[PDB]
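A short write-up of the structure that comes next.
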Amino acid sequence: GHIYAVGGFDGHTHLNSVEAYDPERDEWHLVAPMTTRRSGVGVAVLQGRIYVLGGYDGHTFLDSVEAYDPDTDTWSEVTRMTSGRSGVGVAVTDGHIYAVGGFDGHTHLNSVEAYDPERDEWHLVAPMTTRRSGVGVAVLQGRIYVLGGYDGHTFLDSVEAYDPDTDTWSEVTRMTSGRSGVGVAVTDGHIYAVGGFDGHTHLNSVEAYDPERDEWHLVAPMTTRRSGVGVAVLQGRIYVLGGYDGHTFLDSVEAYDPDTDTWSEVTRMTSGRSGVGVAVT
């Protein structure tokens, strides 16, 4: 597999470029660009295609969606979401894509919508309790976990879980820190919350959720403090890409091996990308 880094902001330009990472060659290169510039974009993989949704293009908050097919190196339009959403979280489960929260240009949303492949149409599902943009989303067992974010007032440490079978939300133990712009990975039965911004500092800490014990614990921190990051799991390793450290729009990438609790540097992206979306396919 490859890691795809989608869009983002490089400090001057909202990007429509997309690049792919090969972990054996430890190299990044551009692929075909997307049609729309997008930072704060949500990304998911459904039946081998990469779906990119929402974001901000430099002028407008987007409700538009596009899909990439790696085999043909071609982007195709997909039906629009019910609302524009930047800083949106994205989950795939049951053959559905969920878009969670986000900022529509005026307010932070607690609404959540689902993409129905029966119809190529989006529709709202039950809302979360808290409004959240810059939110991290993970699928674990059958449930969608929503972590952190920003609600317009508070940098959130709270976590909620969605059950798609019942279209209902439940509370989960809060994280050790508020984390807006947080990255999320699931590997080996744990959810990792990576980085973020807590209102005073960008974070290099990383914490892991054990669902057996409903407990968060810190693990080894990354080298660079980062919010607006992309996170991917590939070949047992957690890759953290891009983001913003409070000064610089980052092109740096780090990899974490859960078996050694060790972060290692890997090759930089072709561009700095904050608010970058990530897919593994």
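Starting from 1 in every chain, residues are counted up; chains themselves are A, B, ... following the order of the structure tokens, and ligands are numbered from 1 as listed.
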
Which residues come within 8 Å of residue A:269, counting only C-alpha atoms, excluding same-chain residues fewer than 5 positions away, as a PyMOL selection string? chain A and resi 19+28-29+242+251-253

Written file, previous selection with N, CA and C atoms, as a PDB file, in the first residue's frame:
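Writing the result to part00.pdb gives the following:
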```pdb
ATOM      1  N   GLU A  19      -0.082  13.846  -3.051  1.00  0.00           N
ATOM      2  CA  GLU A  19       1.140  13.070  -3.218  1.00  0.00           C
ATOM      3  C   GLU A  19       1.044  11.726  -2.522  1.00  0.00           C
ATOM      4  N   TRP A  28       8.241  10.362  -1.417  1.00  0.00           N
ATOM      5  CA  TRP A  28       6.970  10.972  -1.792  1.00  0.00           C
ATOM      6  C   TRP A  28       7.036  11.470  -3.232  1.00  0.00           C
ATOM      7  N   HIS A  29       5.921  11.373  -3.965  1.00  0.00           N
ATOM      8  CA  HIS A  29       5.858  12.062  -5.251  1.00  0.00           C
ATOM      9  C   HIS A  29       4.414  12.448  -5.552  1.00  0.00           C
ATOM     10  N   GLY A 242       2.722  16.394   8.077  1.00  0.00           N
ATOM     11  CA  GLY A 242       2.343  17.807   7.971  1.00  0.00           C
ATOM     12  C   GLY A 242       1.847  18.435   9.244  1.00  0.00           C
ATOM     13  N   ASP A 251       6.219  20.118   6.400  1.00  0.00           N
ATOM     14  CA  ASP A 251       6.302  19.066   5.348  1.00  0.00           C
ATOM     15  C   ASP A 251       6.890  17.801   5.979  1.00  0.00           C
ATOM     16  N   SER A 252       7.209  17.904   7.259  1.00  0.00           N
ATOM     17  CA  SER A 252       7.784  16.758   8.011  1.00  0.00           C
ATOM     18  C   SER A 252       6.835  15.554   8.307  1.00  0.00           C
ATOM     19  N   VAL A 253       7.501  14.403   8.273  1.00  0.00           N
ATOM     20  CA  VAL A 253       6.747  13.158   8.518  1.00  0.00           C
ATOM     21  C   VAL A 253       7.514  12.349   9.567  1.00  0.00           C
TER      22      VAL A 253
END
```

Check the DSSP output for the backbone and give back, as a ChimeraX atom specification, the residues of stretch 8-222 of chain A in strand (DSSP E). /A:18-22,27-30,42-46,49-53,65-69,74-78,89-93,96-100,112-116,121-124,136-140,143-147,159-163,168-172,183-187,190-194,206-210,215-218

Could you give me, as a ChimeraX atom specification, the residues within 12 Å of residue A:232, counting only C-alpha atoms and dropping anything in the same chain fewer than 5 positions from it? /A:1-5,21,23,43-45,138,183-187,192-194,237-242,253-256,276-281

Using the selection just defined, write its residues with N, CA and C atoms as a short mmCIF file (atom, residue, chain, number, x, y, z; two decimals), in the first residue's frame.
```cif
data_model
loop_
_atom_site.label_atom_id
_atom_site.label_comp_id
_atom_site.auth_asym_id
_atom_site.auth_seq_id
_atom_site.Cartn_x
_atom_site.Cartn_y
_atom_site.Cartn_z
N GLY A 1 0.77 -1.23 0.00
CA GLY A 1 0.00 0.00 0.00
C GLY A 1 0.82 1.29 0.00
N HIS A 2 0.11 2.39 -0.25
CA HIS A 2 0.67 3.74 -0.29
C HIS A 2 -0.09 4.60 0.71
N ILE A 3 0.56 5.67 1.17
CA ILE A 3 -0.10 6.72 1.93
C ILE A 3 -0.33 7.87 0.96
N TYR A 4 -1.55 8.41 0.91
CA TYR A 4 -1.80 9.59 0.09
C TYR A 4 -2.03 10.80 0.99
N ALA A 5 -1.34 11.90 0.70
CA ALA A 5 -1.49 13.16 1.44
C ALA A 5 -2.24 14.10 0.51
N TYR A 21 3.10 8.23 -0.88
CA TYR A 21 4.27 7.76 -0.15
C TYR A 21 4.38 6.25 -0.28
N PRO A 23 6.33 3.15 1.37
CA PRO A 23 7.10 3.01 2.61
C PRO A 23 8.40 2.27 2.40
N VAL A 43 -10.90 12.70 4.49
CA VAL A 43 -10.51 11.73 3.46
C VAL A 43 -10.86 10.35 3.94
N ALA A 44 -11.40 9.54 3.04
CA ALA A 44 -11.58 8.12 3.40
C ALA A 44 -11.44 7.24 2.17
N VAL A 45 -11.26 5.93 2.40
CA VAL A 45 -11.14 4.96 1.31
C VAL A 45 -12.36 4.06 1.34
N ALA A 138 -12.28 7.74 14.60
CA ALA A 138 -11.73 6.39 14.51
C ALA A 138 -12.87 5.39 14.50
N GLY A 183 -4.85 14.30 15.26
CA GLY A 183 -4.78 13.21 14.31
C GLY A 183 -5.15 11.94 15.04
N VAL A 184 -5.68 10.95 14.32
CA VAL A 184 -6.12 9.72 14.99
C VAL A 184 -5.69 8.50 14.19
N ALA A 185 -5.26 7.45 14.89
CA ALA A 185 -4.96 6.18 14.24
C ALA A 185 -5.59 5.09 15.08
N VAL A 186 -5.99 4.00 14.42
CA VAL A 186 -6.37 2.75 15.10
C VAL A 186 -5.40 1.68 14.66
N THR A 187 -4.76 1.05 15.64
CA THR A 187 -3.95 -0.12 15.34
C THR A 187 -3.93 -0.97 16.59
N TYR A 192 -5.20 5.85 18.89
CA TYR A 192 -4.16 6.81 19.24
C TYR A 192 -4.64 8.20 18.87
N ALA A 193 -4.57 9.15 19.81
CA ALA A 193 -4.83 10.56 19.54
C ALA A 193 -3.46 11.24 19.45
N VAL A 194 -3.19 11.95 18.35
CA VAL A 194 -1.84 12.43 18.02
C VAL A 194 -1.86 13.95 17.95
N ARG A 237 2.76 0.49 11.23
CA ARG A 237 3.37 1.73 11.73
C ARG A 237 2.40 2.90 11.62
N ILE A 238 2.54 3.83 12.56
CA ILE A 238 1.69 5.06 12.56
C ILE A 238 2.52 6.20 11.96
N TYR A 239 2.03 6.78 10.87
CA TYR A 239 2.72 7.89 10.19
C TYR A 239 1.96 9.16 10.48
N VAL A 240 2.71 10.19 10.90
CA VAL A 240 2.12 11.53 11.18
C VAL A 240 2.71 12.49 10.15
N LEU A 241 1.84 13.23 9.47
CA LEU A 241 2.26 14.04 8.31
C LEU A 241 1.82 15.49 8.43
N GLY A 242 2.72 16.39 8.08
CA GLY A 242 2.34 17.81 7.97
C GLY A 242 1.85 18.44 9.24
N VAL A 253 7.50 14.40 8.27
CA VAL A 253 6.75 13.16 8.52
C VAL A 253 7.51 12.35 9.57
N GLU A 254 6.76 11.73 10.46
CA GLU A 254 7.37 10.88 11.51
C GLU A 254 6.63 9.54 11.52
N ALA A 255 7.34 8.50 11.92
CA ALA A 255 6.71 7.16 12.00
C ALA A 255 6.90 6.59 13.41
N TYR A 256 5.87 5.93 13.87
CA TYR A 256 5.89 5.37 15.24
C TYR A 256 5.69 3.88 15.16
N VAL A 276 -4.16 18.80 6.21
CA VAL A 276 -3.97 17.80 5.17
C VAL A 276 -4.83 16.61 5.48
N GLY A 277 -5.37 15.97 4.44
CA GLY A 277 -6.10 14.73 4.62
C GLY A 277 -5.25 13.55 4.21
N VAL A 278 -5.55 12.37 4.79
CA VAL A 278 -4.70 11.20 4.56
C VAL A 278 -5.54 9.98 4.22
N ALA A 279 -5.06 9.23 3.23
CA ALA A 279 -5.65 7.92 2.90
C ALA A 279 -4.56 6.86 2.78
N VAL A 280 -4.93 5.61 3.08
CA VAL A 280 -4.01 4.46 2.87
C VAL A 280 -4.73 3.50 1.91
N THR A 281 -4.10 3.27 0.78
CA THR A 281 -4.68 2.37 -0.24
C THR A 281 -3.54 1.82 -1.10
#
```

Measuring between only C-alpha atoms, which one of A:15, A:231, A:20, A:31 shows the shortest distance to residue A:55?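 Of the candidates, the smallest distance to residue A:55 is held by A:15.
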
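If only C-alpha atoms are the atoms counted, then among A:50, A:124, A:234, A:41 the closest residue to residue A:87 is A:41.
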
When you count only C-alpha atoms, which of these residues is closest to residue A:34: A:46, A:206, A:53, A:92?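 Of all the options, A:53 lies closest to residue A:34.
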
Closest of A:98, A:263, A:68, A:9 to residue A:111 - atom-to-atom distances counting only C-alpha atoms: A:98

Contacts of residue A:189 at 9 Å or less, counting only C-alpha atoms, minus same-chain residues fewer than 6 places along, as an MDAnalysis selection string? chainID A and resid 140:141 209:211

Tell me, in Å to one decimal, how far atom CA of residue A:226 is from atom CA of residue A:202. 5.7 Å

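Nearest residue to residue A:70, choosing from A:266, A:52, A:159, A:32 and counting only C-alpha atoms: A:32.
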
Within 6 Å of residue A:112, counting only C-alpha atoms, which residues qualify if same-chain residues fewer than 6 places away don't, as a count of residues only? 6

For residue A:115, which of A:218, A:128, A:135, A:65 is the closest residue, counting only C-alpha atoms?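 That would be A:65, the residue with the smallest distance to residue A:115.
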
So what do you get for atom CA of residue A:35 versus atom CA of residue A:16, distance-wise?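 So the two atoms, atom CA of residue A:35 and atom CA of residue A:16, lie 6.6 Å apart.
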
Can you tell me how far atom CA of residue A:227 sits from atom CA of residue A:198, in Å to one decimal? 9.5 Å

List as a PyMOL selection string the protein and nucleic acid residues near residue A:143, meaning an atom at most 8 Å away when only C-alpha atoms are counted, but skip any in the same chain fewer than 4 places from it. chain A and resi 139+161-164
